[PDB]
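Only one chain is included here, represented as structure tokens and corresponding to the form deposited in one PDB entry.
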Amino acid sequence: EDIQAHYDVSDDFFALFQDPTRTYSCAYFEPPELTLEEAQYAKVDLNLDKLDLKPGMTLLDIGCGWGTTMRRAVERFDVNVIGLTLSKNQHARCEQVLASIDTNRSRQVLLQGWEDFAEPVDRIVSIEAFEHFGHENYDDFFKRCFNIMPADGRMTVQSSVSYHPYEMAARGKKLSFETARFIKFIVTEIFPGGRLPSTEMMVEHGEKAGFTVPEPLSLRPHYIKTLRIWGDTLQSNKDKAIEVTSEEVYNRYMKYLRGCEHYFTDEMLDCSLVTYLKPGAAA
């Protein structure tokens, strides 16, 4: 409780390694020559383009961050938006981002989890929403998402994933134990109290709730590029980053960024964009 609170880091630190949109998730470098900022917009479009969004629909963003996804949805698809965040700072920024949009569409941001959310919505997006998707309870999550959507409902969940210990063992015990200890570090110091799901968990929990689940998209090569730029950017701002936090916090995040790039390159971690289609989803 108070132990986890030790790993609280101010928004200002994240600004010193992230692109100007402050997107804390895997970018999408298509085409490959996109800047990180351009690739973060490409990742939002990759997710939204899977959701069959029509004007006047309501999109739910579970873990709406700084509001980039919701704004893009309103602008591109002329939809109403509801965002869920557990960050007071993100809630405030999202309200101002949405209010700034020239639209008559409904825009709402709620300081709550999905557990408490029970309003009808047409489509759902959730992009590396650690505070929502990082504490298991997957049967309740997929049941909620299924039940709040209409017959043609669709959802995307983008999540960092690990492999089951059995699958990790296949690459040899040395690398399996090493990866398992690095994952423990991630869910202790970077995403405290977290549980990193597997792609198989993401798929099978969706299917149990009644969703059709096509082949998940691996973003592995995109996360390698994202983490390389994040790491290189943090290192370039070392003095600034240490001033705002400490040498401890700087070393912690360089370990996270360099470490994740390594285990992604070694195919011991992955990032899955999973699509969940209700039985009546358009073909």
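Residue positions are given as counts along the sequence shown, with the first one as 1. Only residues modelled in both forms are compared. What we label the rigid core is the largest C-alpha set whose atoms superpose within 1.5 Å from one form to the other.
Absent from the display: the form deposited with a small molecule bound. The rest refers to it.
Quick one: is residue 132 in contact with the small molecule in the entry with it bound, heavy atoms, 4.5 Å cut-off?
Within the cut-off, so yes.
Since only the chain is shown here, I'm wondering whether residue 169 would be in contact with the small molecule in the entry with it bound (any heavy atom pair within 4.5 Å).
Judged by the heavy-atom cut-off of 4.5 Å, residue 169 is well away from the small molecule in the entry with it bound.
Given that the partner is absent here, does residue 86 sit within 4.5 Å of the small molecule in the entry with it bound, heavy atoms only?
Yes - in the entry with it bound, heavy atoms of residue 86 and the small molecule come within 4.5 Å of each other.
Could you tell me if residue 113 has a non-hydrogen atom within 4.5 Å of the small molecule in the entry with it bound?
Residue 113: yes, in contact with the small molecule in the entry with it bound.
Tell me, out of 39, 62, 219, 241, which residue has a non-hydrogen atom within 4.5 angstroms of the small molecule in the entry with it bound.
Residue within 4.5 Å of the partner: 62.
Taking 4.5 angstroms as the heavy atom distance cut-off, pick the stretch from 171 to 179, 113 to 121, 146 to 154, 73 to 81 that is near the small molecule in the entry with it bound.
Among the listed stretches, the partner-contacting one is 113 to 121.
Following superposition of the rigid core, which of 136, 200, 152, 75 is the only residue with a C-alpha displacement of 2 Å or more between the shown form and the other one?
Single hit from the list, 136.
Just say closer or farther for the C-alpha distance from residue 61 to residue 132 in the entry with it bound, relative to the shown form; it changes by 3 Å or more.
Relative to the shown form, the pair is farther apart.
Indicate closer or farther: the Cα atoms of residue 202 and residue 130, in the entry with it bound, relative to the displayed form, with a change of 3 Å or more.
The answer is closer, because the C-alphas of residue 202 and residue 130 approach each other in the entry with it bound by 3 Å or more.
Rigid core superposed, please list the runs of 3+ consecutive shared residues whose C-alphas all move by 2 Å or more between the shown form and the other one.
After superposing the rigid core, the only shifted stretch between the shown form and the other one is 130 to 136.
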